[PDB]
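Student: Got a structure for you, written out below as structure tokens; questions coming shortly.
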Amino acid sequence: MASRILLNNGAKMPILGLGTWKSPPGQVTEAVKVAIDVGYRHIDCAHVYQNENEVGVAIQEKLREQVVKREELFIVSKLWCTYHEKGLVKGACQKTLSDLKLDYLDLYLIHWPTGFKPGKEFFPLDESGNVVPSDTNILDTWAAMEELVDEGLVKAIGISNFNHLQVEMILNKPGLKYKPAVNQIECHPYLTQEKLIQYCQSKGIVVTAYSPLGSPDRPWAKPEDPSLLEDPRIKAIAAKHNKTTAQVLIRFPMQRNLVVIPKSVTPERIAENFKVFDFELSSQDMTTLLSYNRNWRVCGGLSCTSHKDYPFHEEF
Ligand SMILES: NC(=O)c1ccc[n+]([C@@H]2O[C@H](COP(=O)([O-])OP(=O)(O)OC[C@H]3O[C@@H](n4cnc5c(N)ncnc54)[C@H](OP(=O)(O)O)[C@@H]3O)[C@@H](O)[C@H]2O)c1
Ligand SMILES: O=C(O)COc1cc(F)ccc1C(=O)NCc1cccc(C(=O)O)c1
């Protein structure tokens with residue numbers, strides 16, 4: 001299978017990337033160095049993850065060592081919710097660029113459709129515990145993202161955790177200058193996303209699947225939650241193909257024309273997770289994996305359910 005997918009800005013994006021949410025700052029530099037050494041060319045980042053400086057150390061070393069050229073890397077970051085105001089977007093992007101040791105991003109995403117009050121706190125709260133929203137809507141934030149393209153800071157812009165009506169709002173924006181290149185959403189066999197994926201693909205928007213392994217290290221995991229990596233039905237498909245369960249979970253979105261961004265800081269797993277271009281799931285395997293959908297979300301945003309732009313009230 002081909003290693004890159006063509007975006008609607010004319011650039012090619014590697015279909016496998018390394019995730020970095022929860023990667024400890026003291027381990028992520030080595031993780032990214034290992035990833036680049038074993039073939040990864042796409043790193044998924046975000047300011048809210050609090051480790052972009054350390055990710056950047058790895059990128060810069062591998063560029064200095066000439067393991068890769070900058071044009072061969074595809075670096076993604078995301079605008080956090082407290083920076084949706086038009087006057088804050090450029091500085092937020094520039095802080096990410098500074099931290100990552102880059103003079104452009106390949107892709108910059110609106111991390112969530114919900115804007116929050118600016119300030120030091122990433123989740124500003126009222127005295128009763130509700131997140132304090134911003135009054136800047138998604139269309140004005142989108143225009144600010146378009147400016148970043150026109151200033152050379154980013155090669156592509158996109159969105160993340162946008163439902164289909166929110167994607168449609170961007171596509172129908174008066175005076176839209178650049179369509180979103182990507183919508184990055186949670187997707188795995190327990191949250192298969194058929195409706196939202198087909199909508200985005202039908203509009204030429206590439207979908208990136210996050211938490212493809214079910215995020216076993218998510219900080220809010222409960223024992224009662226379903227576990228993809230331990231699901232005997234998925235293990236059986238992996239055994240049949242002589243691959244690991246993680247390798248099946250990574251190959252699955254690839255065969256749906258998605259980009260996928262598994263996270264690891266474990267060198268052996270970083271290498272394992274990349275060895276997914278040497279086998280094929282059958283159509284029956286794919287339909288079987290799709291059948292496991294239960295609309296289960298790692299990232300449910302349960303604390304933002306009253307925000308006017310909360311994405312997960314709508315069916316898709
Ligand atoms: N846009 C958004 O709102 C958003 C939200 C969530 C995630 N994301 C992005 O998507 C990335 C991936 O999602 P995620 O971090 O939630 O979780 P994930 O990639 O589904 O799972 C990561 C977990 O799986 C473990 N793991 C990795 N490879 C493994 C393997 N081969 N065998 C067994 N365990 C393995 C990792 O352990 P070790 O690290 O200890 O090896 C870690 O605990 C994030 O890091 C972030 O970049 C974006
Ligand atoms: O967001 C990610 O990439 C991974 O999760 C996180 C990572 C962090 F470093 C810090 C917080 C989160 C988090 O709570 N996300 C969920 C979230 C965030 C903002 C709004 C909504 C909403 O439902 O509107 C939902």
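By order in the structure tokens, chains are A, B, ...; within a chain, residues start at 1; ligands start at 1, following the order shown.
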Ligand 2: which residues are within 6 Å, counting only C-alpha atoms and all ligand atoms? Reply as a ChimeraX atom specification.
Tutor: /A:48-49,112,114,299-301,304,310
Student: Any chance you could tabulate, as a Markdown table, the residues of chain A at most 6 Å from ligand 1 with each one's nearest atom pair and distance in Å to one decimal, using only C-alpha atoms and all ligand atoms, in chain and rising number order?
Tutor:
| residue | atom | partner | partner_atom_place_in_ligand_line | distance |
| --- | --- | --- | --- | --- |
| A:19 | CA | ligand 1 | 47 (O) | 3.3 |
| A:20 | CA | ligand 1 | 45 (O) | 4.0 |
| A:21 | CA | ligand 1 | 45 (O) | 3.6 |
| A:44 | CA | ligand 1 | 47 (O) | 4.8 |
| A:45 | CA | ligand 1 | 47 (O) | 5.7 |
| A:111 | CA | ligand 1 | 1 (N) | 5.7 |
| A:160 | CA | ligand 1 | 1 (N) | 5.3 |
| A:184 | CA | ligand 1 | 1 (N) | 5.6 |
| A:210 | CA | ligand 1 | 10 (O) | 4.0 |
| A:211 | CA | ligand 1 | 13 (O) | 3.2 |
| A:212 | CA | ligand 1 | 20 (O) | 4.2 |
| A:213 | CA | ligand 1 | 20 (O) | 3.3 |
| A:214 | CA | ligand 1 | 20 (O) | 4.2 |
| A:215 | CA | ligand 1 | 17 (O) | 3.4 |
| A:216 | CA | ligand 1 | 43 (O) | 4.8 |
| A:217 | CA | ligand 1 | 43 (O) | 4.0 |
| A:246 | CA | ligand 1 | 31 (N) | 4.8 |
| A:261 | CA | ligand 1 | 11 (C) | 5.2 |
| A:262 | CA | ligand 1 | 19 (O) | 3.5 |
| A:263 | CA | ligand 1 | 19 (O) | 3.8 |
| A:264 | CA | ligand 1 | 39 (O) | 3.2 |
| A:265 | CA | ligand 1 | 39 (O) | 4.1 |
| A:266 | CA | ligand 1 | 41 (O) | 4.2 |
| A:269 | CA | ligand 1 | 31 (N) | 4.4 |
| A:272 | CA | ligand 1 | 31 (N) | 5.9 |
| A:273 | CA | ligand 1 | 31 (N) | 5.5 |
Student: Can you list, as a VMD selection string, every protein, DNA or RNA residue that comes within 6 Å of residue A:134 when you count only C-alpha atoms, leaving out same-chain residues fewer than 6 positions away?
Tutor: chain A and resid 115 to 117
Student: Please produce a file of those selected residues containing C-alpha atoms, as a PDB file, in the first residue's frame.
Tutor:
ATOM      1  CA  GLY A 115     -13.230  27.990  22.088  1.00  0.00           C
ATOM      2  CA  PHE A 116     -12.422  28.743  25.737  1.00  0.00           C
ATOM      3  CA  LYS A 117     -11.629  32.020  27.536  1.00  0.00           C
TER       4      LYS A 117
END
Student: Rounded to one decimal place, report the atom CA of residue A:51-atom CA of residue A:142 distance in Å.
Tutor: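 Those two atoms sit 25.2 Å apart.
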Student: When DSSP works through the backbone of this structure, what residues of stretch 131-289 of chain A end up as alpha helix (DSSP H), shown as a ChimeraX atom specification?
Tutor: /A:138-150,164-171,194-202,232-241,245-254,267-274,283-289
Student: Would you please work out which residue, of A:227, A:288, A:23, A:208, is nearest to residue A:250 when using only C-alpha atoms?
Tutor: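 Under the stated criterion, the closest residue is A:208.
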Student: Can you tell me which residues surround residue A:309 at a distance of at most 10 Å, considering only C-alpha atoms, apart from same-chain residues fewer than 6 positions away, and format the answer as a list in words?
Tutor: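 Contacts, with the query itself left out: residues 112, 113, 114, 115, 133, 137, 138, 162, 163 and 166 of chain A.
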Student: Store the residues picked out above, limited to N, CA, C and O atoms, as a PDB file, in the first residue's frame.
Tutor:
ATOM      1  N   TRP A 112     -10.101  21.514  18.751  1.00  0.00           N
ATOM      2  CA  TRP A 112     -11.493  21.236  19.062  1.00  0.00           C
ATOM      3  C   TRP A 112     -12.321  22.415  18.562  1.00  0.00           C
ATOM      4  O   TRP A 112     -11.832  23.551  18.539  1.00  0.00           O
ATOM      5  N   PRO A 113     -13.601  22.189  18.224  1.00  0.00           N
ATOM      6  CA  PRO A 113     -14.431  23.311  17.749  1.00  0.00           C
ATOM      7  C   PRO A 113     -14.793  24.307  18.845  1.00  0.00           C
ATOM      8  O   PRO A 113     -15.170  25.435  18.528  1.00  0.00           O
ATOM      9  N   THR A 114     -14.649  23.931  20.107  1.00  0.00           N
ATOM     10  CA  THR A 114     -15.026  24.744  21.252  1.00  0.00           C
ATOM     11  C   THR A 114     -13.895  25.690  21.637  1.00  0.00           C
ATOM     12  O   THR A 114     -12.823  25.244  22.042  1.00  0.00           O
ATOM     13  N   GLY A 115     -14.144  26.993  21.548  1.00  0.00           N
ATOM     14  CA  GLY A 115     -13.230  27.990  22.088  1.00  0.00           C
ATOM     15  C   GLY A 115     -13.477  28.250  23.566  1.00  0.00           C
ATOM     16  O   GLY A 115     -14.617  28.266  24.019  1.00  0.00           O
ATOM     17  N   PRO A 133     -16.528  29.520  28.132  1.00  0.00           N
ATOM     18  CA  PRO A 133     -16.350  29.611  26.682  1.00  0.00           C
ATOM     19  C   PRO A 133     -15.818  30.968  26.247  1.00  0.00           C
ATOM     20  O   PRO A 133     -15.835  31.961  26.979  1.00  0.00           O
ATOM     21  N   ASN A 137     -16.515  32.440  17.101  1.00  0.00           N
ATOM     22  CA  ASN A 137     -17.079  31.257  16.460  1.00  0.00           C
ATOM     23  C   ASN A 137     -16.058  30.562  15.554  1.00  0.00           C
ATOM     24  O   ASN A 137     -14.942  31.041  15.326  1.00  0.00           O
ATOM     25  N   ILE A 138     -16.456  29.401  15.032  1.00  0.00           N
ATOM     26  CA  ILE A 138     -15.497  28.604  14.281  1.00  0.00           C
ATOM     27  C   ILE A 138     -15.146  29.266  12.958  1.00  0.00           C
ATOM     28  O   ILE A 138     -14.031  29.096  12.466  1.00  0.00           O
ATOM     29  N   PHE A 162     -14.461  17.864  14.710  1.00  0.00           N
ATOM     30  CA  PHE A 162     -15.608  18.566  14.137  1.00  0.00           C
ATOM     31  C   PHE A 162     -16.637  17.540  13.670  1.00  0.00           C
ATOM     32  O   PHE A 162     -16.291  16.570  12.986  1.00  0.00           O
ATOM     33  N   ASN A 163     -17.893  17.731  14.065  1.00  0.00           N
ATOM     34  CA  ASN A 163     -18.969  16.890  13.571  1.00  0.00           C
ATOM     35  C   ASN A 163     -19.352  17.304  12.150  1.00  0.00           C
ATOM     36  O   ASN A 163     -18.864  18.296  11.610  1.00  0.00           O
ATOM     37  N   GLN A 166     -20.518  20.824  11.658  1.00  0.00           N
ATOM     38  CA  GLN A 166     -19.435  21.794  11.831  1.00  0.00           C
ATOM     39  C   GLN A 166     -18.491  21.799  10.637  1.00  0.00           C
ATOM     40  O   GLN A 166     -18.028  22.863  10.209  1.00  0.00           O
TER      41      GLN A 166
END
Student: Restrict the calculation to only C-alpha atoms, then for each residue of stretch 74-182 of chain A with any atom at most 12 Å from an atom of stretch 61-64 of chain A give the closest atom pair and their distance in Å to one decimal, rows by chain and rising residue number, as JSON lines.
Tutor:
{"residue": "A:100", "atom": "CA", "partner": "A:61", "partner_atom": "CA", "distance": 11.3}
{"residue": "A:101", "atom": "CA", "partner": "A:61", "partner_atom": "CA", "distance": 10.0}
{"residue": "A:102", "atom": "CA", "partner": "A:63", "partner_atom": "CA", "distance": 10.6}
Student: With distances taken over only C-alpha atoms, which of A:56, A:219, A:39, A:204 is nearest to residue A:8?
Tutor: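 The shortest atom-to-atom distance to residue A:8 comes from A:204.
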Student: So how many Å separate atom CA of residue A:69 and atom CA of residue A:46, to one decimal?
Tutor: 21.9 Å
Student: Write out as a list in words the residues lying within 10 Å of residue A:108, counting only C-alpha atoms and excluding same-chain residues fewer than 6 positions away.
Tutor: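 The residues satisfying every condition are residues 45, 46, 75, 76, 77, 78, 79, 93, 96, 145, 148, 149, 153, 154, 155, 156, 157, 158, 159, 160, 180, 181 and 182 of chain A.
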Student: Select, from A:255, A:29, A:60, A:53, the residue with the minimum atom-to-atom distance to residue A:285, counting only C-alpha atoms.
Tutor: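 Checking each candidate against residue A:285, we get A:255 as the closest.
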Student: Take atom CA of residue A:147 and atom CA of residue A:87 and report the distance between them in Å, one decimal.
Tutor: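 Distance reported for this atom pair: 11.3 Å.
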Student: So which one's closest to residue A:28, A:70, A:186, A:297, A:270? Using only C-alpha atoms, please.
Tutor: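 The shortest atom-to-atom distance to residue A:28 comes from A:270.
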